[PDB]
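Secondary and tertiary structure notes
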Amino acid sequence: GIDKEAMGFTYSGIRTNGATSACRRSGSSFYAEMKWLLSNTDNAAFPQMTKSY
Amino acid sequence: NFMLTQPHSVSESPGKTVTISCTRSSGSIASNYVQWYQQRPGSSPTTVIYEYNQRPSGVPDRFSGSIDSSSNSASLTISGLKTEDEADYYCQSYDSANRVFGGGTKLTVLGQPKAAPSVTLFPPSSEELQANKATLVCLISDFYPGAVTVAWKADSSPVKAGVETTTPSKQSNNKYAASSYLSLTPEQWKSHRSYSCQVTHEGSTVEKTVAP
Amino acid sequence: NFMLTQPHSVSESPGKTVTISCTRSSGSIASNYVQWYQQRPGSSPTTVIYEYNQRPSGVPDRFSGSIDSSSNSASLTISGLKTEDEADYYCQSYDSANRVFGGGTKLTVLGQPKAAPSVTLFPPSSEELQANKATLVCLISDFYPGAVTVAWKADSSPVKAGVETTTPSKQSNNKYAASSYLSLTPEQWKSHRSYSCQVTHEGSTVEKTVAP
Amino acid sequence: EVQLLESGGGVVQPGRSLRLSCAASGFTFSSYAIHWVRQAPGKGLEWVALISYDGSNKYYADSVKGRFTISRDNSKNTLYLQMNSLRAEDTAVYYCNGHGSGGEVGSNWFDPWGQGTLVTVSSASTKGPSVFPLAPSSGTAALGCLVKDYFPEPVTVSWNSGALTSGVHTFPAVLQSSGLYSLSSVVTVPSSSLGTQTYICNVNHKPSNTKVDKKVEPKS
């Protein structure tokens, strides 16, 4: 078995709830354990980041 | 950063195919998505193409989008034109987050043979020169399609001292009419040999001049 | 779909190298093969280059082909020019199946110093105006190379109402001569201040005007 | 059912301020980013501003920076454009236009537009039209009558007291850079009637109550 524990990752100034028609949990969803980081607005410059664990 | 240039106008007979270009001055056309918008007179714009080639639900199969990386352009093409298609078309791309719109392209579908304009210039009124002023009157009428360029010249040279109207249709002959007013003073009106009302219509540039 | 633009003319001294460009208006020059054809006066064309760089059996090593993807062009270059090379050259590429030919490039090898033309314009005959007509007569003579552009202007403005001949050689001085005839009516001839016979020769654009 | 409702449009003077609002209904407003796109009359579209789904980011056009300020209330589903320190060129129709992925990447094209709210920024001076003569330079010719520097529209033109209507046309008006209107009206005739009948021009601009005549006679 596997033991899932949060990495406490949190971000400021981007989108973190990307969705896609493939991962379809009664609507456009994504991987339950992952985050699809996107720019705040379309085409907007994405900020360089560095997260550790 | 960059600007999108599309032709001022284009025309083609019904049933024939037509293409409209959209050239990006700086940066790759493939760097950012290009949307093609249609605006009918008075109506709000409706997207005809998105993401360079995608046809939203409702737009007929005649509308197609294309990318020419060589000329760094984007082309909207309609096959089998219909009189309903006669509207203005704007291409729009993206600077980093800001949207950028094209200059517009007036697409007129032929409903009659092409007619050259009837230019009638007017010398400035005398009592206006007695008010120490000068405003020319260039009248353009009976031309089809309704796309016309009106450049005034100080003896074949760029002048920017005039005000010219848009090109509305005729309530009489289903043609289009327009006017233009070049404003100066009798000193400049006598220190230059003449001034030209230049009217490019479908490439054929009719001209009428005025001299002191 | 697209057109191939090559310069109207080019010239260089014998022994020197020369290059001719071929720019594709729409679509990548690398999308379709480009053939370089040579046509001598009266003779049928002979391929000098094929598939952008390949030298068919018989063509000397002086002929080379090149591709400039940046300017979307194709270049035919001859090193160590010889008077035999003086002919017209056409680049040809392919739309999907149709062939597309360039506008031609008159390559003249220098056999003497360059001579500017001798322009002699003529006012329209009076009895022609008595026949309600007007046809100008612009005579161009004693110019080398034999490449010349003749644009008429309605006081510095595009006119398309004239007929002008090609540029044949001289049976006297090994130079080239030509003529031009701008056709109008006395109404237009008096409703415009003048008309210009503009003659661009090797960039130097000699001009001669006529006024009512 | 999805719709956008622009409100707050009207006529103003330069240097003043204005506020515009967009009412969103029929979709998940809280998720998409919203844009302000205007269009001057007779001109093409121009992107003005945009604000993100959570208001964190606001992006303005370079031609409007400093003056305009975009904002949104998701609890009320309302968009706000603060157009203070207005200029003369800002006169345009103003559309609110939703434009964004909205968290999904499949994203069937979703780009709604409103009907647009007119924003006219003219200076002042309801004025009376000044009439000027327009003479023909001597088998047909034409002459005219000039109606310059008036405000506001419309007018009523009558050549020779509503008599000569055959071969006569009246063209639409222009908006001068000075903010005041002006229009013309020309009559076409054969080259015969030159000097025969004097041509008095009779205009009528209603609010200014100004009606002026102007006879045309060839110069020398």
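Residues numbered from 1 in each chain as written, not as in the entry; some residues may be left out. Chains lettered and ligands numbered in written order. Part of a larger assembly, values for the part shown. Heavy atoms only, no water. Residues with missing side-chain atoms left out of burial classes, pairs and counts.

Things to note about the overall build of chain B
- The helix and strand tally for chain B stands at two helices and 19 strands.
- When its C-alpha atoms are laid out on the principal axes, chain B stretches across 65 × 40 × 30 Å.
- Considering only contacts within chain B whose residues lie at least 6 apart along the sequence, 58% involve residues at least 24 apart. (Helix = DSSP H or I, 4+ residues; strand = E, 2+ residues; numbered from the N terminus. Contact = heavy atoms within 4.5 Å.)

Here's the deal with the interface of chain A and chain D
- The interface is formed by 13 residues belonging to chain A together with 16 residues belonging to chain D.
- Carbon and sulfur atoms make up 49% of the area that chain A and chain D hide from each other, which totals about 1,000 Å².
- Summed over the three residues of chain A that lose the most area to chain D, namely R15, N40 and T41 of chain A, the buried surface amounts to 49% of that side.
- Scanning the region where chain A abuts chain D turns up zero salt bridges.
- On the surface where chain A and chain D come into contact, there are seven residue pairs in polar contact.
- By residue class, the composition of the side of chain A that touches chain D is four nonpolar, seven polar and two charged. (Buried area = accessible area lost by both parts, 1.4 Å probe. Salt bridge = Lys/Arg side-chain N within 4 Å of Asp/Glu carboxyl O. Polar contact = N/O pair within 3.5 Å; in protein donor to acceptor, adjacent residues only side chain to side chain. Nonpolar A, V, L, I, M, F, W, Y, C, P; charged D, E, K, R; others polar.)

Regarding the packing of aromatic side chains
- Scanning the model with the defined rule gives 16 aromatic pairs over all chains in all.
- Ring centres of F30 of chain A and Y31 of chain A lie 5.1 Å apart, and the angle between their planes is 70 degrees; on these two criteria the pair is classed as edge-to-face.
- Residues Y33 of chain B and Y52 of chain B carry aromatic rings whose centres are separated by 5.1 Å and whose planes lie at 65 degrees to one another, so their mutual orientation is edge-to-face. Here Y52 of chain B lies in the loop between β6 (46-49) and β7 (63-68) and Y33 of chain B lies in the loop between β4 (23-24) and β5 (35-39), a separation of 19 residues in the sequence.
- These aromatic residues form a ring-pair network of at least three members: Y37 and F101 of chain B together with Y95 and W113 of chain D.
- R15 of chain A extends its terminal NZ or CZ atom over the ring of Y53 of chain D, reaching a point 4.6 Å from the ring centre. (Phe/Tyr/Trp six-rings, centres within 6.5 Å; stacked < 30°, edge-to-face > 60°. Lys NZ or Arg CZ within 6 Å of the ring centre and 35° of its normal.)

Topic: the interface of chain D and chain B
- Counting residues at the interface gives 40 residues for chain D and 34 residues for chain B.
- Top element by residues in the side of chain D that touches chain B is strand β12 (residues 140-150) of chain D. It accounts for five residues.
- Across the side of chain D that touches chain B, the residue classes break down as 23 nonpolar, twelve polar and five charged.

Overview of the sheet that holds strand β2 (residues 11-12) of chain D
Residue and element names in this part refer to chain D.
- If you walk across this open sheet you meet the six strands as β2-β10-β9-β4-β5-β6, and the pairing is mixed. Bordering the open sheet on either side are β2 and β6 (58-60), each of which pairs with just one other strand.
- As defined by bridge partners, β2 adjoins strand β10 (residues 117-121) across two bridges and the pair is classed as parallel. Residue pairing across strands places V11 opposite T120, the latter belonging to β10. (Pairing = 2+ DSSP bridges.)

Some words on the nonpolar core
- Counting residues in hydrophobic clusters, the biggest one holds 37 residues, and the most contacted among them are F101 of chain B together with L20, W36, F68, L79, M83 and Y94 of chain D.
- Sorting the residues of this core by element identifies β3 (19-25), β4 (34-39), β5 (45-51), β7 (68-73), β8 (78-83), β9 (92-98) and β10 of chain D as the ones contributing at least two each.
- The element that contributes the greatest number of residues to this core is β5 of chain D, accounting for six residues.
- If we skip the residues at most four places from it in the chain, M83 of chain D touches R16, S17, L18, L20, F68, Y94 and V119 of chain D. (Core = buried A, V, L, I, M, F, W, Y, C linked by side-chain atoms within 4.5 Å. Buried < 20%, exposed > 50% of the residue type's maximum accessible area, 1.4 Å probe, protein only.)

A word on the state of the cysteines
Residues and elements named next belong to chain C.
- Counted by the stated rule, this structure contains six disulfides over all chains.
- Between the sulfur atoms of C22 and its disulfide partner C91 the distance amounts to 2.0 Å. Between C22 and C91, the disulfide has an S-S torsion of 80 degrees and is therefore right-handed. In this pair, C22 sits in the loop between β3 (18-20) and β4 (23-24) while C91 sits in strand β9 (residues 88-94), placing the two residues 69 residues apart along the sequence.
- By relative accessible area, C22 is classed as buried at 0%.
- Judged by its relative accessible area of 0%, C91 is buried.
- The side chain of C138 participates in a disulfide bridge whose partner is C197; the two sulfur atoms lie 2.0 Å from each other. Taking the torsion about the S-S bond as the criterion, the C138 to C197 disulfide, at about -90 degrees, is left-handed. (Disulfide = S-S within 2.5 Å.)

Notes on the pairing of strand β19 (residues 204-210) of chain C
All names here are of chain C.
- Inspection of the sheet shows strand β18 (residues 195-201) paired to β19 by seven bridges, in the antiparallel sense. The residue of β19 that forms the bridge with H201 is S204.
- Count of turn residues in the β18/β19 antiparallel hairpin: two residues, of which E202 carries a positive phi of about 55 degrees.

Some thoughts on the arrangement of the chains
- Contacts are most numerous, across the four pairs of chains in contact, for chains B and D.
- There is a gap between chain A and chain C: no contact, and a shortest C-alpha distance of 27 Å.
- Separating chain C from chain D is a minimum C-alpha gap of 10 Å, and the two share no contact.

Points about the domain arrangement of chain B
All names here are of chain B.
- Once the domains are mapped, chain B shows domain 1 (1-111) and domain 2 (112-212).
- A C-alpha centroid distance of 31 Å is found between domain 1 and domain 2.
- Taken together, the contact between domain 1 and domain 2 spans nine residues of the former and ten residues of the latter.
- Of the roughly 680 Å² buried where domain 1 meets domain 2, counting both sides, 48% is carbon and sulfur surface.
- Connecting domain 1 to domain 2 are zero salt bridges.
- Looking at the side of domain 1 that touches domain 2, the elements that each hand over two or more residues are β2 (9-12) and β11 (105-109).
- Top contributing element to the side of domain 1 that touches domain 2 by residue count: β11, with three residues.
- Within the side of domain 1 that touches domain 2, the residues separate by chemical class into two nonpolar, five polar and two charged. (Domains from an automatic or database assignment.)

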